[PDB]
Amino acid sequence: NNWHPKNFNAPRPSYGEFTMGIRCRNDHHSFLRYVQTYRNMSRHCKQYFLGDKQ
Amino acid sequence: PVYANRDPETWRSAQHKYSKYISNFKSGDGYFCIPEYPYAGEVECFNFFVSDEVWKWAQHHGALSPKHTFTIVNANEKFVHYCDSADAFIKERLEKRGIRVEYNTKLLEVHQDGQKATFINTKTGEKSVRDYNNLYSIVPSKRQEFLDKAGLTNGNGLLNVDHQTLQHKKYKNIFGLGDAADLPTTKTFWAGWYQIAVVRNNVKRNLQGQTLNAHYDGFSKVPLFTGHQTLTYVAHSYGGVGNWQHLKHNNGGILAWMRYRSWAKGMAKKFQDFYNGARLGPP
Amino acid sequence: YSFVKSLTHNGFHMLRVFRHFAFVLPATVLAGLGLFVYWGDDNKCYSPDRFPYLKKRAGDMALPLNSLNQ
Amino acid sequence: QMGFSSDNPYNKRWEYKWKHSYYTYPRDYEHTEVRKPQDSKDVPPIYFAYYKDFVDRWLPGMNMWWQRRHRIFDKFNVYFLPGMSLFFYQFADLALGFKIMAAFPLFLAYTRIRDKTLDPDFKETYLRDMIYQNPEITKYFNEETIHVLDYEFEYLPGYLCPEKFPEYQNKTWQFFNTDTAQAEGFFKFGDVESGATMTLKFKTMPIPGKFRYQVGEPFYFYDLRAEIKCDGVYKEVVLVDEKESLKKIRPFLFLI
Amino acid sequence: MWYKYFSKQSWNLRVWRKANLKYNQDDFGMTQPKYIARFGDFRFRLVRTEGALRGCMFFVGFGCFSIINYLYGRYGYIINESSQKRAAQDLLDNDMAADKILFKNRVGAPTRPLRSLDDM
Ligand SMILES: CCCCCCCCCCCCCCCCCC(=O)OC[C@H](COP(=O)([O-])OCC(O)COP(=O)([O-])OC[C@@H](COC(=O)CCCCCCCCCCCCCCCCC)OC(=O)CCCCCCCCCCCCCCCCC)OC(=O)CCCCCCCCCCCCCCCCC
Ligand SMILES: CCCCCCCCCCCCCCCCCC(=O)OC[C@H](COP(=O)([O-])OCC(O)COP(=O)([O-])OC[C@@H](COC(=O)CCCCCCCCCCCCCCCCC)OC(=O)CCCCCCCCCCCCCCCCC)OC(=O)CCCCCCCCCCCCCCCCC
Ligand SMILES: CCCCCCCCCCCCCCCCCC(=O)OC[C@H](COP(=O)([O-])OCC(O)COP(=O)([O-])OC[C@@H](COC(=O)CCCCCCCCCCCCCCCCC)OC(=O)CCCCCCCCCCCCCCCCC)OC(=O)CCCCCCCCCCCCCCCCC
Ligand SMILES: CCCCCCCCCCCCCCCCCC(=O)OC[C@H](COP(=O)([O-])OCC[N+](C)(C)C)OC(=O)CCCCCCCCCCCCCCCCC
Ligand SMILES: CCCCCCCCCCCCCCCCCC(=O)OC[C@H](COP(=O)([O-])OCC[N+](C)(C)C)OC(=O)CCCCCCCCCCCCCCCCC
Ligand SMILES: NC(=O)c1ccc[n+]([C@@H]2O[C@H](COP(=O)([O-])OP(=O)(O)OC[C@H]3O[C@@H](n4cnc5c(N)ncnc54)[C@H](O)[C@@H]3O)[C@@H](O)[C@H]2O)c1
Ligand SMILES: Nc1ncnc2c1ncn2[C@@H]1O[C@H](COP(=O)(O)OP(=O)(O)OP(=O)(O)O)[C@@H](O)[C@H]1O
Ligand SMILES: [Mg+2]
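Residues numbered from 1 in each chain as written, not as in the entry; some residues may be left out. Chains lettered and ligands numbered in written order. Part of a larger assembly, values for the part shown. Heavy atoms only, no water.

Looking at the method and resolution fields of the entry, one finds cryo-EM and 2.5 Å.

Per the PDB entry, chain E goes by subunit k and derives from Tetrahymena thermophila.

Looking up chain B in the PDB entry gives the name ATPTT1, with the organism given as Tetrahymena thermophila.

Engineer: Let's hear about the sheet that holds strand β3 (residues 68-74) of chain B: which residues, and what values?
Structural biologist: All names here are of chain B. With parallel pairing, the 5 strands of this open sheet are ordered in space as β1-β8-β2-β3-β4. With one partner strand each, in any of the chains shown, β1 (2-4) and β4 (100-102) form the two edges of the open sheet. Across the sheet, the axes of successive neighbouring strands diverge by a mean angle of 20 degrees, strand direction being ignored. Sheet analysis places strand β2 (residues 28-34) next to strand β8 (residues 134-137), joined by 4 bridges and oriented parallel. Across the sheet, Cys33 pairs through a bridge with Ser137, a residue of β8. Its contacts with the sheet place helix α2 (residues 48-60) against β2, β3 and β8, and it is angled at close to 175 degrees to β3. (Pairing = 2+ DSSP bridges. Helix = DSSP H or I, 4+ residues; strand = E, 2+ residues; numbered from the N terminus. Axes fitted to C-alpha atoms, helices over the stretch in contact; angles between N-to-C directions. Contact = heavy atoms within 4.5 Å.)

Engineer: Describe the pairing of β2(B), listing the residues and the values that go with them.
Structural biologist: Residues and elements named next belong to chain B. Burial analysis of β2 places 6 of its 7 residues in the buried class, the great majority of the element. Here 7 bridges tie β2 to β3, and the two strands are oriented parallel to one another. Residue pairing across strands places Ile34 opposite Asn74, the latter belonging to β3. (Buried < 20%, exposed > 50% of the residue type's maximum accessible area, 1.4 Å probe, protein only.)

Engineer: Residues and numbers for the coordination of the magnesium ion (ligand 8), please.
Structural biologist: Residue and element names in this part refer to chain D. Distances from the magnesium ion (ligand 8) to its protein donors, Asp121 (OD), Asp121 (OD) and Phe122 (O), fall within 2.0 to 2.2 Å. The partly exposed category is assigned to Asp121, whose relative accessible area is 37%. Judged by its relative accessible area of 4%, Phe122 falls in the buried class. (Donors = N, O, S within 2.8 Å, 3.2 Å for Na, K, Ca; no water.)

Engineer: Residue-level account of unusual backbone geometry, with values.
Structural biologist: Across the chain, the bulk of peptide bonds are trans and the bulk of non-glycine residues have phi less than zero. With an omega dihedral of 0 degrees, the bond running from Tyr37(B) to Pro38(B) counts as a cis peptide bond. Although it is not a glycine, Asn11(D) adopts a positive phi angle of roughly 55 degrees. You can see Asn11(D) is positioned in the segment before α1 (48-67). With relative accessibility at 25%, the residue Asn11(D) sits in the partly exposed group. Phi is positive for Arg17(E), which is not a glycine, with a value near 55 degrees. When you line up the elements, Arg17(E) lands in the loop between β1 (15-16) and β2 (19-20).

Engineer: Describe the packing of aromatic side chains, naming the residues involved and giving the relevant values.
Structural biologist: What the rule picks out here adds up to 71 aromatic pairs over all chains. Where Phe122(D) meets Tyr151(D), the ring centres are 6.4 Å apart and the plane angle is 45 degrees; that geometry is what we call tilted. Pair noted here: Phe122(D) is in the loop between α3 (96-116) and α4 (124-131) and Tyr151(D) is in strand β1 (residues 146-155), with a separation of 29 residues, a long-range link. Residue class for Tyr151(D) comes out buried when judged on its relative accessible area of 17%. Through a chain of ring-to-ring contacts, the aromatic side chains of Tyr3(B), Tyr21(B), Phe25(B), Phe32(B), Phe46(B), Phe48(B), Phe49(B), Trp55(B), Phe70(B), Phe79(B), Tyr103(B) and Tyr136(B) assemble into a single cluster. Here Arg17(E) stacks its cationic end above the ring of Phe254(D), 5.9 Å away from the centre of that ring. Stacked on the ring of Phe252(D), the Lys or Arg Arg45(E) has its end atom at 5.3 Å from the ring centre. (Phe/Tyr/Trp six-rings, centres within 6.5 Å; stacked < 30°, edge-to-face > 60°. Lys NZ or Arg CZ within 6 Å of the ring centre and 35° of its normal.)

Engineer: Report on the site of ligand 2, specifying residues and quantitative values.
Structural biologist: Residues and elements named next belong to chain D. Residues in contact with ligand 2, as listed here, are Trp66, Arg69, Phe73, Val78, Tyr79, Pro82 and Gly83. For ligand 2, an oxygen atom lies 3.0 Å from a polar atom in the side chain of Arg69. The separation between an oxygen atom of ligand 2 and a polar side-chain atom of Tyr79 is 3.1 Å. Here ligand 2 loses 21% of its free accessible area of 2100 Å² to cover by the protein chains. (Near = heavy atom within 4 Å. Polar contact = N/O pair within 3.5 Å; in protein donor to acceptor, adjacent residues only side chain to side chain. Areas by Shrake-Rupley, 256 points an atom, 1.4 Å probe, with all protein chains shown as cover.)

Engineer: Pulling in residues and values, what's your account of the UniProt feature "transmembrane region" (unreviewed entry) in chain E?
Structural biologist: With numbering matched to this structure, UniProt assigns "transmembrane region" (unreviewed entry) to residues 52-72 of chain E. Here residues 52-72 of chain E runs as 100% helix and 0% strand, with 30 Å between its end C-alpha atoms. (UniProt positions renumbered as here; feature names shortened; annotations may be inferred.)

Engineer: Go over the interface of chain E and chain D with me, naming the residues and quoting the values.
Structural biologist: Listed by partner, the interface residues are 36 residues for chain E and 37 residues for chain D. Both faces combined, the contact of chain E with chain D buries some 3600 Å², and carbon together with sulfur accounts for 64% of it. When the buried area of chain E at its contact with chain D is split by residue, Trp2(E), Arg14(E) and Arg45(E) rank highest and sum to 17% of it. On the surface where chain E and chain D come into contact, there are 3 salt bridges. For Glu217(D), the salt bridge goes to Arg14(E), with nearest N and O atoms at 2.8 Å. Inspection of the region where chain E meets chain D yields 10 residue pairs in polar contact. (Buried area = accessible area lost by both parts, 1.4 Å probe. Salt bridge = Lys/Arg side-chain N within 4 Å of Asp/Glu carboxyl O.)

Engineer: Which residues make up the sheet that holds strand β7 (residues 126-131) of chain B, and what are the values?
Structural biologist: All names here are of chain B. With antiparallel pairing, 3 strands are arranged side by side in an open sheet as β5-β6-β7. Of all strands in the sheet, those with a lone pairing partner are β5 (105-111) and β7, marking the two edges. Neighbour to neighbour, the strand axes of the sheet diverge by 25 degrees on average, direction disregarded.

Engineer: Just give me the short version of the pairing of strand β12 (residues 232-236) of chain B, but keep the residues and values in it.
Structural biologist: Residues and elements named next belong to chain B. Most of β12 sits out of view: 5 of its 5 residues are buried. What you see with β12 is no split at all: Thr232, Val234 and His236 on one side and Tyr233 and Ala235 on the other are buried throughout. Here 5 bridges tie strand β11 (residues 220-224) to β12, and the two strands are oriented antiparallel to one another. By the bridge assignment, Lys221 is partnered in β12 with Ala235.

Engineer: How would you explain a nonpolar patch on the surface if you had to name every residue and give the values?
Structural biologist: Residues and elements named next belong to chain E. On the surface, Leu71, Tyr72, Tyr75, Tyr77, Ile78 and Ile79 cluster together into a nonpolar patch covering about 680 Å² of accessible area. Among the secondary structure elements, those contributing two or more residues to the nonpolar patch are α2 (50-74) and α3 (77-100). With 3 residues, the top contributor of residues to the nonpolar patch is α3. Positionally, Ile78 belongs in helix α3. According to the relative accessible area criterion, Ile78 is exposed, its value standing at 62%. (Patch = residues over 30% accessible without salt bridge, like charges linked within 9 Å, V, L, I, M, F, W, Y side chains within 5 Å.)

What follows is the structure, given as structure tokens:
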């Protein structure tokens, strides 16, 4: 198991009715950032390929 | 947003919907429905004076929309039947506050789907359909049929007993007290404090064949919440005449505020002794 | 990672309890540029006003500690 | 209109949302095509990272405040808070408590300005869940084949018509608010599978929900309309009609 | 198709301005009591939450406490200068009363304070 090593502060759920505020950085922007990062890394590298098709 | 005078028995300890009648009134049409007399909780369940003061605050900072309607739908002609002194004060104060009242109209049907409320004017027999957003109704009573099959009630369906000794007209071995008794007074709880002393006495006298020397004067005391934190006492005798407490400190103030805290914070803890037996009635 | 950029909680850093240590290593490395410029006592002050300068001018000879006063 | 906008050409409606793990900014903005090695400048000049943070983080943040500067010009932010700060600043040397009481209304003013100048962000996942439940829309649109052609969402300036919304004719509310906190916009959609397009117009407003003081939903779609266009069929779908919605719920009237 | 990969299990909260909107403030917190008066109602109306209100009173409290500590330093003798002059002469009246009735040994030390009840 190298995806979820066991530590003490384990993830625990949250309940709407009982939660006042929260500070979290997770969002649902990773998919589109994955697509744009490919387009950037692909295009910015081809700048120095001098048109070498192979 | 339909609220009532008592809680259903299916609610758990975590359900506090009863307290959201005044809080959650952001907008819409509000109706306070009073059923046909006789009904339980005449003055002790009149909360249209405490909601008016709180809803006045909500109109000041925008919590309550400026286009909202609140009217009191009263099926009866008067608010306090057996005390015209207090009934005149209520209608006088409702006009000063600005609340609109519609008499001879009773709530008939509540449509939970589209929030429609079917009212009917018992005077003309004309029914109508009204949109509501905050509905409060005192639970209507119903005469029990077995008390009519045995020939004990009269007319409206209340016990036909003596106004003085609380003994029934016929069947002298049968008594009656509380709300089921037909007494020209307000059916309150403090009225029952002076009705149990008469019943426990007269019953004691019939078990020994002696005479009945216990008379019920018709005293009844109920607080009338005139503000969010102020009240006045509605106390009256059989002839509707009030005592030194009747309708005193009615316009608010320190005297009305102190009497409110004594009933709000220090009365519920006294009903534990009433049922156990530690504390008796007022006298 | 910048301490300033983590203050708004809008780039890459929401909770950083040791963000106030971010510039200690860079400031320490930049101070290493004067490692050889300021080496020893003579390069950090005006040496003729210090006691060791007197011992050197006396032929690396020990002097009483109050020699700068008499 | 998106308030946070840099010279970056791609993903304009996500620029404020995306939190990159970059140590500093990329040398160039995202290329729109393959370029030549001489198009870009090798070894960008000295103090380039500081310049990029000013023109890609600082400057567009100030343009956001300037674009929506009309939402912060209320008598509370303009006169009361600075007037309170000046009253205690005259006694700043008497004790420490005067310095705090003179700086708190400034920090309170910044927080109101910071929150009011942000882009209006509705819960878009609630919206897409709502349009994909309609059978007339799912006939021509699907999440796997839909694409965004244009997006616009901005607050409405000033107080609205004082007949459709009498709530905003409140002198106590006008002391803190110069706008109505309502927003309006549209969505130009297209389906690559069916070839259909639609303009999803919507109006939002804050509503109270289930509680006494807290707002229930800051962006509640009280009017939601779809003008679907197809090969030869033009349909008009009404998800939320304002004549039926405004009779049930009223705005919230934020204070502070 | 980003919404296809969106996880609806994050709908448990409605976060807006760092506050969960689905918070039962009518049953928990300072906003639970419905018997609040006009001042407390208008105060919760402005902030909409107890967490924001308590955070601001944290700093305003330090200012108010530090200000009243100064006003009682600069001023104060307007109300407390009488009780200090009263205790000043009282501190001298009982001192002189002690020297009259107290046992002093050959050096000036009251070595018998428990001689009688009036001496103690
Ligand atoms: C006229 C000439 C032409 C003019 C026009 C042209 C010029 C225009 C501008 C040109 C460029 C200017 C560069 C700056 C603007 C750039 C804009 C921008 O967006 O940049 C973002 C830029 C982007 O981030 P990045 O590229 O990823 O990384 C940036 C850095 O690599 C590193 O980033 P970092 O974030 O990691 O760095 C963090 C570091 C940054 O370094 C600093 O800024 C030093 C800060 C030290 C001062 C802290 C003060 C604390 C509060 C004090 C309050 C009172 C002050 C009174 C002062 C009186 C003075 C006697 O600060 C800290 O370390 C904070 C922690 C400090 C330790 C704890 C101290 C506080 C607790 C102790 C309290 C004790 C008292 C308690 C009780 C109090 C009583 C109640 O970040 C920057 O901030 C860049 C600044 C880097 C330095 C540039 C220097 C260039 C050389 C110019 C000469 C020096 C000028 C500055 C001198 C300042 C005075 C020392
Ligand atoms: C040698 C080279 C170096 C030299 C360096 C020194 C030189 C520096 C120069 C600085 C001056 C120029 C900069 C400003 C130019 C703006 C000109 C302009 O036309 O703008 C109009 C423009 C309107 O644009 P628009 O939309 O096209 O207008 C359309 C309609 O007209 C809109 O119609 P409307 O009806 O909606 O009206 C909207 C308008 C309404 O405008 C107004 O009605 C004017 C109200 C101003 C109130 C100021 C007094 C507040 C207190 C009064 C309370 C009185 C009652 C109580 C009395 C109690 C007494 C204790 O709103 C405003 O513009 C006011 C915004 C805020 C201004 C108040 C800031 C208060 C700062 C307090 C500290 C002052 C320190 C001064 C320095 C002296 C000591 C060193 O507004 C702006 O652009 C706002 C710009 C950003 C605000 C700047 C204010 C300063 C912010 C900096 C924060 C730090 C302040 C200082 C703190 C220092 C100590 C900690
Ligand atoms: C005295 C020395 C002074 C030295 C200098 C001090 C510095 C003075 C300058 C600064 C002034 C203080 C600034 C404080 C504000 C700071 C900011 C802040 O914290 O937020 C506001 C903050 C909010 O308080 P809160 O905790 O949120 O309120 C509680 C609930 O939240 C509120 O819940 P609610 O709103 O839902 O309901 C509230 C209330 C309902 O309240 C109301 O509705 C009444 C409102 C009526 C408004 C009427 C407006 C009238 C307009 C003016 C008049 C009209 C014009 C007249 C024209 C006349 C023409 C000439 O309902 C109740 O049931 C009340 C509970 C029971 C009463 C408790 C009273 C305790 C008193 C204990 C002392 C008794 C002494 C009696 C002696 C009498 C003779 C002196 O306000 C205050 O902090 C007030 C100051 C309290 C300080 C407490 C520490 C001292 C303890 C009291 C003194 C004890 C005696 C000491 C001396 C003993 C020997 C003599
Ligand atoms: C003479 C000295 C006193 C000057 C006046 C008082 C100024 C404050 C004292 C100086 C502090 C400087 C050192 C610290 C720098 C800030 C460090 C920091 O953490 O900031 C990050 C913050 C980030 O805040 P944030 O809200 O964006 O993100 C933080 C979120 N949490 C808290 C969860 C992490 O940015 C700031 O700069 C806040 C400080 C702003 C102070 C501004 C005061 C004036 C407000 C504007 C003027 C309003 C006038 C009226 C306007 C009328 C309408 C137009
Ligand atoms: C009274 C005289 C003036 C007083 C001195 C005022 C000094 C103000 C500048 C120093 C303090 C700046 C705070 C640094 C910490 C925050 C960094 C930051 O701003 O991030 C931007 C942030 C960026 O947002 P972000 O940090 O949350 O991240 C963006 C999100 N991502 C990464 C996903 C894109 O934006 C803002 O906070 C809003 C704008 C704040 C404006 C900052 C102050 C501008 C003041 C303009 C004054 C112009 C006149 C003076 C100069 C005139 C020419 C000489
Ligand atoms: N606001 C209200 O709705 C309400 C209701 C009840 C009591 N109260 C207050 O309490 C005061 C006195 O209340 P109360 O005792 O007169 O009425 P009550 O309803 O509280 O008491 C009736 C009791 O008799 C029982 N009962 C009813 N029908 C019965 C039947 N066929 N067979 C056997 N038992 C039957 C009930 O279970 C109940 O224990 C009232 O004056 C009033 O102030 C108010
Ligand atoms: N269920 C949640 N649990 C923990 N943190 C959350 C949760 N929801 C949001 N957050 C945090 O609060 C921020 C704001 O949430 P928000 O729903 O407004 O984002 P969003 O991108 O606008 O969603 P949408 O696309 O549906 O409009 C989020 O970036 C996240 O950091
Ligand atoms: Mg959003």
